[PDB]
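# Structural overview
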Amino acid sequence: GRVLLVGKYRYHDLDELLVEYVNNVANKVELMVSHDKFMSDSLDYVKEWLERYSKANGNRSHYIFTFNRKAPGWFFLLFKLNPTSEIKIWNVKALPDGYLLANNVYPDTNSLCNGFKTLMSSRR
Amino acid sequence: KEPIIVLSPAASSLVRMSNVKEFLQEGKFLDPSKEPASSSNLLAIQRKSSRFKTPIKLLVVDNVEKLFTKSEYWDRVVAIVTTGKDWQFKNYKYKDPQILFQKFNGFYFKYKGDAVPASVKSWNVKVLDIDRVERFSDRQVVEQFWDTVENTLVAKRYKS
Amino acid sequence: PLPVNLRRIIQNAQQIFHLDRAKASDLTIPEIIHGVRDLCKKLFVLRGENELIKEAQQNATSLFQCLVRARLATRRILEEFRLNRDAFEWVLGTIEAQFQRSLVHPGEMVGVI
Amino acid sequence: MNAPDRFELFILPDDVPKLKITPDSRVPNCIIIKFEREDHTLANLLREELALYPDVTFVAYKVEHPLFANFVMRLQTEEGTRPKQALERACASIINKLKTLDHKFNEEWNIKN
Amino acid sequence: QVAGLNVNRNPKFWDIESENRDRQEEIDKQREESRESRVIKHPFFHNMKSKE
Amino acid sequence: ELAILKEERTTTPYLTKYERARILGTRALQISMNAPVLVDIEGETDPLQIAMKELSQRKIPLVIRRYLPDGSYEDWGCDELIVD
């Protein structure tokens, strides 16, 4: 087909679609993986590690990222405010322009972390 | 400051980052479809010429979005490789292909006997043919490409 | 009259690779000898491993091999033409390809011609 | 039998535009103009007028075939000037030249009448 | 105007159920069609299943 | 019996001009008779041009059978014959 649509994104050829969408998504995924707050292990192990780290460091709120094995192309953001606070998981989508969290597009992982902290502060 | 050679990130390109080093430098052409994809978008090659006493070091860049933040980098561009696709030039210095191709050297690589795309014929770019079977002409084609590039380099009075 | 023009090939190589200037060649003598010797065995007019086929194939290219050896001598290559390596493999490949292209095509109605 | 109508030399069909302009991308700031139902009378006038402008670096025309009434003109100006503006300036300048020529001829004819 | 015949369709002497069943049989036969595979020429295109 | 094994094929490995012309004609006719096309067509519409495009990419699904004078023959695929 002369016109290709991937959600709201519109492309004109297979190579254009590939380069503009898939390469950017892969780069953002690598940036998320290379980020200091990433863990590719299983969700239960991520929850256990977060619980242990929060119990050991109950003076701060800890957030980590992990793979969304059920929904490919997504990420689970698990954050625990304190040992007494329940672990809350948020959904992050790997988009070509960045990461979509709470209907907000963040160009980089550090920008995503700053936005998450600002959202937590505002909701608090 | 090393000059820059720009390649098309298109998958149909006959010259990609995976096989650019063996082609432009070593003179041997390999099919890029069979070669594994290269993770690095920056590469460095060495050119030996009779016009220059010493070999010239050049930088090969596939995507200019993350490497052309400054306008002064465009002064180092000595060759542009395109696949005849308009969408390559969305983020370029001259978003119109024509002006880019009068202000820069454009090269299009096609197999011998294949028909040239219409947009390529409407642009000011050189056409370089690579035979599908015989491999001795790869050095000749590379020599033509480097002849054009060296003419541009000498015209720019580059220091090496 | 003989196939594939050698003079044209050599001057094309000289123009392509810029074989002017007093620069010294990097083409060793054994490469020249072995390259020409191997080229004189890849001019296939007849395919097959039969001994009689090999004898006919050797007979069919005697004059042309004499021409090639007369032109691509060691002294002439190093001094008169001043080819370098890359020009030398280019010349050998071009000679082989043009010779293959100059053969007669099965199905010619040569009697009427 | 196959002779075309003579009025086709100057009568323009409705679907055929009198003047089609297409850019020439091989060189910067160049256009190709196709005049329909015209010949050397307009073409040579325009060409020799434009050749004198300092900002016009290339101007030429050709009639592809005498049996077809059209010609194609190539124009290529400096960086500052758009070629179509140069063509308009040429047309206006020739019009003024013809106007003053007519006025002077009328004066002379009245004097010598 | 399709069933222009005046044939008495009394259930006592006419098997309406059989004719109806045959009618959905033939209508489902009409719904039945054919499909074939798609061929695309692209370096990164491969005719594979999801698991494949 | 009459067929010659692939290992002992001694004819030329190149597509002669007569074979090229006949292959192009047959493929063009078949395409004009609504045969499937094995290459992607950008904007081409002429059957002969599509056939030439197929031949350049070694995608023509035809076999050349070369008849030796004694009656034996060699079967060459158009995908394994070298074309200039």
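What the deposited record gives as its method is cryo-EM, and the resolution it gives is 3.1 Å.

A count of helices and strands for chain D gives two helices and four strands. Secondary structure elements of chain D occur, N-terminal to C-terminal, as β-β-α-β-β-α. The C-alpha radius of gyration of chain D comes to 17 Å, more than 25% above the 13 Å expected for a compact globule of 113 residues. Once the C-alpha set of chain D is aligned to its principal axes, its extents read approximately 55 × 50 × 20 Å.

Take the sheet that holds strand β6 (residues 98-101) of chain A next. Sheet strands pair via backbone hydrogen bonds, and the direction of the pair is either parallel or antiparallel. Residue and element names in this part refer to chain A. Spatially, five strands are ordered β3-β4-β5-β6-β7 in an open sheet, and the strand pairing comes out antiparallel. The open sheet terminates on both sides in strands that have one partner only, identified here as β3 (62-67) and β7 (104-106). Between one strand and the next, the sheet's axes are offset by a mean angle of 30°, whatever the strand orientation. In the sheet, strand β5 (residues 88-95) pairs with β6 via four bridges, with the strands oriented antiparallel. The residue bridging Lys93 from the neighbouring strand is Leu100, located in β6.

Moving on, we get to helix α3 (residues 109-123) of chain A. Residues and elements named next belong to chain A. Taking 1.5 Å per residue as the helical rise, α3 with its 15 residues ought to reach 21 Å, and the 21 Å between its terminal C-alpha atoms agrees with that figure. Those residues of α3 that sit buried are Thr109, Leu112, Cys113, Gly115, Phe116 and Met120. Buried positions in α3, seen along its axis, are confined to an arc of 165° and lie on one side of it. Opposite the packed face of α3, turned more than 90 degrees from it, sit the exposed residues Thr118, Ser121 and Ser122. Those residues of α3 that are buried are in contact with α1 (14-34), β3, β4 (74-80), β5, β6 and β7. Its side-chain oxygen at 2.9 Å from the backbone nitrogen of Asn110, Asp108 defines the N-terminal cap of α3.

This part is about the nonpolar core. Formed by 28 residues in total, the largest nonpolar core has its most connected members in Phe64, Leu72, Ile77, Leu83, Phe88, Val91 and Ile95 of chain C. Breaking this core down by element, the ones donating at least two residues are α1 (6-17), α2 (29-39), α4 (62-71), α5 (74-81) and α6 (85-101) of chain C. With residues near it in sequence (within four places) discarded, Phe88 of chain C still touches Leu27, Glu31, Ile32, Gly35, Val36, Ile77 and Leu83 of chain C. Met17, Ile56, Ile130 and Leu153 of chain B belong to the second-largest nonpolar core, a separate cluster that totals 27 residues.

A turn of α-helix holds 3.6 residues, and therefore any two residues three or four places apart point the same way. Over its twelve residues, α1 of chain C extends 17 Å from the first C-alpha to the last, a length consistent with the 16 Å expected when each residue adds 1.5 Å. Elements in contact with the buried residues of α1 of chain C: α4 (137-155) of chain B together with α4, α5 and α6 of chain C. In this structure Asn5 of chain C caps α1 of chain C, since a side-chain oxygen of it lies 3.2 Å from the backbone nitrogen of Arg7 of chain C. Once α1 of chain C ends, the next one or two residues include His18 of chain C, with phi positive near 55°.

Rules used throughout
- Residues numbered from 1 in each chain as written, not as in the entry; some residues may be left out.
- Chains lettered and ligands numbered in written order.
- Part of a larger assembly, values for the part shown.
- Heavy atoms only, no water.
- Helix = DSSP H or I, 4+ residues; strand = E, 2+ residues; numbered from the N terminus.
- Rg over C-alpha atoms; globule rule 2.2 N^0.38 Å.
- Pairing = 2+ DSSP bridges.
- Axes fitted to C-alpha atoms, helices over the stretch in contact; angles between N-to-C directions.
- Expected span 1.5 Å × (residues − 1).
- Buried < 20%, exposed > 50% of the residue type's maximum accessible area, 1.4 Å probe, protein only.
- Arc of directions from axis to C-beta.
- Contact = heavy atoms within 4.5 Å.
- Polar contact = N/O pair within 3.5 Å; in protein donor to acceptor, adjacent residues only side chain to side chain.
- Core = buried A, V, L, I, M, F, W, Y, C linked by side-chain atoms within 4.5 Å.

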